Each structure stands twice: as structure tokens, then as C-alpha cells.
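As C-alpha cells, the structure follows; a few thoughts come after it.
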Amino acid sequence: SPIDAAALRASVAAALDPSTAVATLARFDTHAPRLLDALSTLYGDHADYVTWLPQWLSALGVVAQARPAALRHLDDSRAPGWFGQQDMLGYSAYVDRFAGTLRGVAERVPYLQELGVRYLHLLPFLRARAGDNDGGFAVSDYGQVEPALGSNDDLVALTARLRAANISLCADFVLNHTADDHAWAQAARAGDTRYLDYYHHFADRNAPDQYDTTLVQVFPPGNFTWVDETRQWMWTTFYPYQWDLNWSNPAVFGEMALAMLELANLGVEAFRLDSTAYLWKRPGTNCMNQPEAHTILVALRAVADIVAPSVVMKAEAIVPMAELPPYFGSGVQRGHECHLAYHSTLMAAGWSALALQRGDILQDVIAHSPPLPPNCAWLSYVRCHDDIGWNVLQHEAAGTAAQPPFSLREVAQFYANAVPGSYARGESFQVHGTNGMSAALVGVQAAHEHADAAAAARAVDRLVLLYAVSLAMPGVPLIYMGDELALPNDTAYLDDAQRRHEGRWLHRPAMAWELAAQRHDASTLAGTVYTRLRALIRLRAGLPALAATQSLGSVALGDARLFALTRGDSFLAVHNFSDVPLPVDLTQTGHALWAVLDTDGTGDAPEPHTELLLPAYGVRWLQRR
Numbered sequence: 005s006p007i008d009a010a011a012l013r014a015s016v017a018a019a020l021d022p023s024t025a026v027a028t029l030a031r032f033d034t035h036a037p038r039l040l041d042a043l044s045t046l047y048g049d050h051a052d053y054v055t056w057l058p059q060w061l062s063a064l065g066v067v068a069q070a071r072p073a074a075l076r077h078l079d080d081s082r083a084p085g086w087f088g089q090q091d092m093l094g095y096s097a098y099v100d101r102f103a104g105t106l107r108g109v110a111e112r113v114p115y116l117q118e119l120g121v122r123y124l125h126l127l128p129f130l131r132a133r134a135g136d137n138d139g140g141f142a143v144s145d146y147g148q149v150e151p152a153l154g155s156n157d158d159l160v161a162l163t164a165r166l167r168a169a170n171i172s173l174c175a176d177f178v179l180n181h182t183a184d185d186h187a188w189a190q191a192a193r194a195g196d197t198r199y200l201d202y203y204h205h206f207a208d209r210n211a212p213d214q215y216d217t218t219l220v221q222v223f224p228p229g230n231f232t233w234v235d236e237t238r239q240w241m242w243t244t245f246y247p248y249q250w251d252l253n254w255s256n257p258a259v260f261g262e263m264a265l266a267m268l269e270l271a272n273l274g275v276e277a278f279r280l281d282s283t284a285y286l287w288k289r290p291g292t293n294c295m296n297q298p299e300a301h302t303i304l305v306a307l308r309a310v311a312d313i314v315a316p317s318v319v320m321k322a323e324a325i326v327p328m329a330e331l332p333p334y335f336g337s338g339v340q341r342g343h344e345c346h347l348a349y350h351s352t353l354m355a356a357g358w359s360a361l362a363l364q365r366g367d368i369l370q371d372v373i374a375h376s377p378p379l380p381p382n383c384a385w386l387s388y389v390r391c392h393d394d395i396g397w398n399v400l401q402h403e404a405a406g407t408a409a410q411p412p413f414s415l416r417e418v419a420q421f422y423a424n425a426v427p428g429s430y431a432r433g434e435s436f437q443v444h445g446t447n448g449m450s451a452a453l454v455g456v457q458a459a460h461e462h463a464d465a466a467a468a469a470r471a472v473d474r475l476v477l478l479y480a481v482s483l484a485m486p487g488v489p490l491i492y493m494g495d496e497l498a499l500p501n502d503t504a505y506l507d508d509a510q511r512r513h514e515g516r517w518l519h520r521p522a523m524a525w526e527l528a529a530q531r532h533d534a535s536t537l538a539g540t541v542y543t544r545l546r547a548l549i550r551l552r553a554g555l556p557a558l559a560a561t562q563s564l565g566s567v568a569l570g571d572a573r574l575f576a577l578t579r580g581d582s583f584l585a586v587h588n589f590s591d592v593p594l595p596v597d598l599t600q601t602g603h604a605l606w607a608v609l610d611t612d613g614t615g616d617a618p619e620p621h622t623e624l625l626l627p628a629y630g631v632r633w634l635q636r637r
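Numbered according to the deposited numbering, the sequence shown spans residues 5 to 224, 228 to 437, 443 to 637.
The structure is reproduced here in C-alpha cells:
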């Protein structure tokens, strides 16, 4: 048998230089049983399995051999769980909006380094469909930088610059579907049945019709598109020019694993795995969140474990926190799937708590946050390139006997300025999500409109408060580009025939480097925000209690306006989500004489306290000494 365990190790060994292959073959021996078990489960009976597996493993070995020395070094030196250390801070941005090009990004590395960023997410920058391309999410080549943004050489140079600054690049890997002008799609359109089989194709409406009875439409239109060139119905979950890959075909698994490693070899250190819920289709289901989708992620993780162990696997899935634990792996796979998942529940709860002046909403979220397996952590965030999806908080909004319900529509209408008096200037997305920048959402725009200096200062307090919550979490707190300067909404897109249909442009502004130049000027908005965030980031970096290995807990306080969380046994963070100054008796919760840290940037001590008086929207960080 060509696929004997021994012959499989041989397929990989056949590509490696015996002299630099010891480390790779050792990791193969460790992780291959898990990988091969998963591949067998997925593809064991596929007609091409036996002929596919050995040559694919050889191709994997070839890509492993090509792994640059500088990246091999990270593989060898990075400890498990490195991405959850307390000095980890993240930043998410579009390449064009941030600095135009990959070269431009490289030139702004010192800005990121000074901010304290160790984890940089650049939104989709790989070559994407000609014309409409779903904001870069319709990918035409997983192995080539979008030319208007730069070349592969520029990416190599950028990641080398990033590594010197101790920064890790995170890139999107759109696993579920490709642009219809991807090379595989073009080969299908040219009649090559091998590549046609890289996608889901049907000669007539018979199966699509039946699938339509159980599928949920994402863009209410359709899940299938007739392609005249091939005269087939193609599965198109999202836009008609995005064809769903056929993950039941092992060739597709092989190709995508290789594309991942080839990105890693250009210096990508973390993969935002997108649209993973849709990877597996099963007749008679909604074709979402099938067990096989996780098995695929397990297999990809094992490939990374063998070839590029310093790489991080991140689930993109924006869902209620209760639905996230499967991404960290189930059963013997626990700790062997995704390293990271997004804490969207906490994000939405922050905004809700702020609008309703109810810290108890956050208390509840922390109290029920899923425990993190070893080498797993959260991405915590306040905003992102998408609208705020309130739906993740549906469960909490229903409330309980001990927790009063709240209205998600009331929160959304607040932020869309749909009720008189509101300080927010967001907009409803075409319960509907909310578009807008953090600064416009917390009251900065409205304060300016009213020429109100006091109201602007309260807005800043709210912004810093939301970020403080993220910064105390186990994992990577992720700053959305420009929030560190309180960048405002961008309305110019309304005048752009090509962009006006897309409301999310409101919160996708270009970086204003003239405001960035003001970040140390305490007398400016940019400077006040940046300095206050830096104070927290600096403290975070010096607190081992905040590392992802340490516990996360909540402390119930008598007042629903307050919110308290603990990290490990030596850190406590107390928050006031109201506009009223409120006292806290530390002895009530066994925190008497804990020291108050200098979160504001001068008190100045720190000193032991037995009680606190928290200003409106206030944050206090305390350490056990």
C-alpha cells in the first residue's frame, strides 16, 4: 500500500534535506497520526484518496524544505501560547487605508511599534476579482499580493521589517470560496473537469432546489448561480462571483493546505480563517457548522503543527461565545484546532453596557465566558471593519431570574441616533447591525456638533473605558485602525457611485497621518486618547497576571452600574459604566489593601486602598502586592 504509515513518512522525508529535516520529521511523528486520522475520516473512501495522499505529502515536504531560515527560527524558538502573553497587543487595518501599499505599511512600522503593537492584522490584500470583489474577500490567487497594493517581494520585505519590530502579521485565508476568476475557476470554465470538481456543480436545478429548502440565505439572492460558460449551477453562498470550494474533494484540502504554508513562508504568522461554518455541505441540513468543518480545521492545524509550528490559527466566526468552544477542538482534538477566536459577545456587551449604563451585563458575560484550553485565547475588540452585530447578545438580552433583560433594538437605535438626545452618531446597517467609528459612537462627533468641550471629554472617557475592558482580557486585544486617535466617521463614500451602496464605508476611513502626528500633544483629541490608551497598554505589558494562562473571573458588585473582573489572583479591574461617581468597598470582596495602579498617567503612587471612588465612566486597575 502506497499509503502505509511508513510510506507516508517517506513521502515527506523524500523532499527534505537530511541535515535540516530532524526537527520537521520529529514534529511529523508527533502530529501525523492526528492529521492522518482526520484525512481518513474526511476523505478515506473518496475515489482519489489513495492516489492523492502520498504525492500531496511529498508536496508538503517540498514546501517545508523551502521554509526560510528566519521563519524556521521562529518555529524553533516560539513557545506554545506565545500569542497570549501580556505584551501582546493587536491592530487591524486595511493596507490601502493605513498606508497605501505594503511598502507604505513597512514605513509606518515605528508608529505601530511605539503604540506597542505585536500583532498586526492587514485586511484582505491578496489578488482579488477584477471589478466587484466583496471588499477583497473574493480571492483570485491565495499566493499573490494584489498588484495595486504591492508585490510578493514587498510582502517578504514587510514581514522582515515586522519581525525586527517583534510584530506578527495576521492575514485572512478565505477558506470557503474563491473568486470566479481564480485559476481553478478558470480551468473549470475551460472545461477541465478536474478543476470543475474543485467546486460544487450541478447539471440541473434538482439538487439545488432541494438544498434551497434547508439553506439560509446570507444576502436575501440565492445559494446557486447558473454559469453559462460551464452550463452548470455552481454553489454560491455569498456573491454570485464567489464559488464555494468543494471540501469533500481531498485535492481541495491539499491545495488549500499548501496555499496556507506558502503564505506562512512569505512571513504570515497568523491566519484568520474565514467562513469556516460553511466548509461542509450535507444534504438535508443548513450546511453550516457540520462536524466535518471542525475536522478540516483540525487537519489544517496539524499541517501547521508539522511544517510551521510558530503559526497561529484564528477562527473568524462572529457568533455568540457559547458557540466558540468547538473551535478550540473537541475530545482528543481539544487544544489541536484554533488557537484564537473572537470575543464578539464581550464586544457587543461593552456597547450595550455603555448605552444602558449597566455594568451587570458585562459581569454576566465574564461569569459565563467559556474556559480557554491550553494554548488558546481570545481576540478582544471594540470595533472592526464590519458593523456591530448585536445578535451575538441575543441570549443575554433575554435575561434570567437573577439578570434583568435588555432591549437590543433599544441599544441599536441609541447608537443610530434614532432617539432624541443621544450622543451617538452611528448608522443602522441596511435587529440590524450598527455602522460607525468608536469615536462617533461614544459622543465625540455630537460633542463637536454642539461645540461642547465637557461633552467631548466625557466621550473620550467612554472610549478609553471600552478599550480598558478589552485590554484586561486573556489573549490579543485588537485596536481598530485610528481608534487610538479617535478617528471620526467617513461620509465621503456617499458621493462615490461605486461605494455608496455599502454603508460599512462609514467606519473604514483612511489613516490621517496629520492627526497621528498629534498623538503626544495632550491638548488635542488625538493626543488625549492616544496617551490614555498607552498608559493602559504599558501597564498591561508589565502584568503577568494578564497573560492568557491566568484565570479570568468576575466579581458581582451590589450596583448594576459597576463591573469588576479579576485576572489570576493578583489583579482586579473595576469599572463604572454610568455618569455618576460611585464608591466601592474593597473589603467586601477580599481586595482590601490592594494597590491602585497609575492607569491615568499620574496620581501618583501606587498605594494600598480599602475603598475606591470611581468617577463617571471610570476605570481602576489594582494589584495585589
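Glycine is no exception: its CB is placed at the ideal position from the N, C-alpha and C atoms.
Who are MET320's beta bridge partners in DSSP? The sequence position of residue 320 within the sequence shown is 313, counting from 1. According to DSSP, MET320 bridges with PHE278.
Quick check: the region 623-637 against the region 578-591, are there 3 or more CB pairs under 8 Å? yes
Per DSSP, what kind of secondary structure is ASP616 in: helix, strand or coil? As a first step, residue 616 must be located in the sequence shown, where it is residue number 604. Coil.
Check whether the Cβ atoms of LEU558 and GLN90 sit closer than 7 Å, and answer yes or no. The residue given as residue 558 occupies position 546 in the sequence shown. The residue given as residue 90 occupies position 86 in the sequence shown. Yes, the pair counts as a contact, with Cβ atoms nearer than the cut-off.
Same chain, Cβ closer than 8 Å to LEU555, five either side skipped, listed in chain order: Position 543 of the sequence shown holds residue 555. Once the five neighbours on either side are set aside, the close Cβ partners of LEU555 are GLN90, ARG579, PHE583 and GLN635.
The beta strand (DSSP E) with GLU623 in it runs from where to where? Indexing the sequence shown from 1 puts residue 623 at position 611. Note, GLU623: beta strand (DSSP E), 623-626.
Which residues DSSP lists as bridging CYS174, in chain order: Here the question's residue 174 lines up with position 170 in the sequence shown. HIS125 and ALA277, per the DSSP bridge assignment.
C-alpha distance - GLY261 paired with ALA360, whole-angstrom precision: Position 254 of the sequence shown holds residue 261. Position 353 of the sequence shown holds residue 360. About 45 Å.
If you measure between the beta carbons of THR446 and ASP495, is that distance less than 7 Å? As a first step, residue 446 is located in the sequence shown; it is residue number 434 there, counting from the start. As a first step, residue 495 is located in the sequence shown; it is residue number 483 there, counting from the start. The answer is no: Cβ separation not under 7 Å.
Measure the CB-CB distance between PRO500 and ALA451 and report whether it falls below 7 Å. Within the sequence shown, residue 500 is the residue found at index 488, counting from 1. Within the sequence shown, residue 451 is the residue found at index 439, counting from 1. A contact, by the Cβ cut-off of 7 Å.
Three or more C-beta pairs under 8 Å: does that hold for the region 124-143 against the region 157-177? yes
Between the C-alpha atoms of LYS288 and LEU497, what's the straight-line distance to the nearest angstrom? Start at 1 with the first residue of the sequence shown, and residue 288 comes out as number 281. Start at 1 with the first residue of the sequence shown, and residue 497 comes out as number 485. Distance between the alpha carbons of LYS288 and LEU497 is about 44 Å.
What's the gap between the Cα of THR218 and the Cα of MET241? Residue numbering aside, residue 218 sits at position 214 when the sequence shown is read from its first letter. Residue numbering aside, residue 241 sits at position 234 when the sequence shown is read from its first letter. Straight-line Cα distance between these residues: approximately 17 Å.
Would you call the region 420-437 and the region 378-388 touching, i.e. three or more CB-CB distances under 8 Å? No contact exists between the region 420-437 and the region 378-388.
Compare the Cα-Cα distances from residue 227 to each of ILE313, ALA97 and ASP196 and report the closest residue. Coordinates for residue 227 are absent; the numbering of the chain skips from 224 straight to 228.
Examine the Cβ distances between the region 620-627 and the region 591-601 and report whether three or more of them are shorter than 8 Å. Judged by Cβ distances under 8 Å, the region 620-627 makes contact with the region 591-601, as three or more pairs qualify.
May I ask you to report which of helix, strand or coil DSSP gives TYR248? Reading the sequence shown from its first residue, position 241 is the one you call residue 248. Coil, per DSSP.
Supposed contact pair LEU304 and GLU344 - C-beta distance, whole angstroms, cut 8 Å: The sequence position of residue 344 within the sequence shown is 337, counting from 1. The sequence position of residue 304 within the sequence shown is 297, counting from 1. Confirmed, about 5 Å.
Mind checking who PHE206 pairs with in its DSSP beta bridge? Looking up residue 206 in the sequence shown gives position 202. For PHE206, the beta-bridge partners assigned by DSSP are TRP240.
How long is the line joining the alpha carbons of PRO411 and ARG365, rounded to whole angstroms? Taking the sequence shown and counting its residues from 1, the one referred to as residue 411 is at position 404. Taking the sequence shown and counting its residues from 1, the one referred to as residue 365 is at position 358. Computed Cα separation, rounded: 10 Å.
Nonlocal neighbours in the same chain, by C-beta distance under 7 Å from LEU153, ignoring five residues either side: Taking the first residue of the sequence shown as position 1, residue 153 is located at position 149. Excluding positions up to five away in sequence, the list reads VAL99, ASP100, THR105, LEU106 and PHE129.
Beta strand (DSSP E) segments (min. 3 residues) lying fully within the region 383-409: 384-388
Can you grab the Cα-Cα spacing for the pair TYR479 / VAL472, in whole Å? In the sequence shown, residue 479 corresponds to position 467, counting from 1. In the sequence shown, residue 472 corresponds to position 460, counting from 1. Roughly 11 Å separates the two Cα atoms.
Nearest-angstrom Cα separation, counted from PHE231 out to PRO212: For the purposes of this step, residue 212 is taken as residue 208 along the sequence shown, with counting starting at 1. For the purposes of this step, residue 231 is taken as residue 224 along the sequence shown, with counting starting at 1. Roughly 7 Å between the two C-alpha positions.
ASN588, enclosing beta strand (DSSP E) - first and last residue: Against the sequence shown, residue 588 aligns to sequence position 576. That run of the beta strand (DSSP E) goes 583-588.
Please report the Cβ distance between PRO377 and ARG341, rounded to the nearest whole angstrom; I am assuming they are in contact, meaning their Cβ atoms lie under 8 Å. Within the sequence shown, the letter at position 370 stands for residue 377. Within the sequence shown, the letter at position 334 stands for residue 341. Their Cβ separation, rounded to whole angstroms, is 12 Å, which puts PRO377 and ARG341 out of contact at 8 Å.
In three-state DSSP terms, what is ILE491? In the sequence shown, the residue the question calls residue 491 occupies position 479. If DSSP states are grouped into helix, strand and coil, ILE491 belongs with the strands.
Are the beta-carbon atoms belonging to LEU200 and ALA187 less than 7 Å from one another? For the purposes of this step, residue 200 is identified with residue 196 of the sequence shown, where counting begins at 1. For the purposes of this step, residue 187 is identified with residue 183 of the sequence shown, where counting begins at 1. No, the pair does not count as a contact, with Cβ atoms beyond the cut-off.
Is the separation between the beta-carbon of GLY120 and that of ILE491 shorter than 7 Å? Position 116 of the sequence shown, counting from 1, holds the residue named residue 120. Position 479 of the sequence shown, counting from 1, holds the residue named residue 491. Result no, Cβ atoms of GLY120 and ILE491 do not sit closer than 7 Å.
Check whether the region 8-17 and the region 64-74 are in contact - that is, three or more C-beta pairs closer than 8 Å. yes
Of all the options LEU453, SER96, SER566 and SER5, which has the alpha carbon lying nearest to the alpha carbon of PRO58? To locate residue 58, count along the sequence shown from 1; it is residue 54. The shortest Cα separation from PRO58 among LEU453, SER96, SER566 and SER5 belongs to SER5.
Is any beta-carbon of chain B found at less than 7 Å from that of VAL318? In the structure shown, chain B does not exist; there is a single protein chain.
With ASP597 as the anchor, note down where its beta strand (DSSP E) starts and where it stops. Residue mapping note: residue 597 aligns to position 585 of the sequence shown, counting from 1. Where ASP597 is concerned, the enclosing beta strand (DSSP E) stretches over 594-597.
Could you tell me whether the Cβ atoms of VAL318 and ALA355 are closer together than 7 Å? Translated into positions along the sequence shown, residue 318 becomes position 311. Translated into positions along the sequence shown, residue 355 becomes position 348. Not a contact, by the Cβ cut-off of 7 Å.
Could you tell me the boundaries of the beta strand (DSSP E) in which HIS181 lies? Taking the sequence shown and counting its residues from 1, the one referred to as residue 181 is at position 177. Counted as a single uninterrupted DSSP element, the beta strand (DSSP E) harbouring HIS181 occupies residues 181-183.
Which ranges would you report for the alpha helix (DSSP H) in the region 502-575 if only whole runs of at least 4 residues count? 525-528 and 537-553
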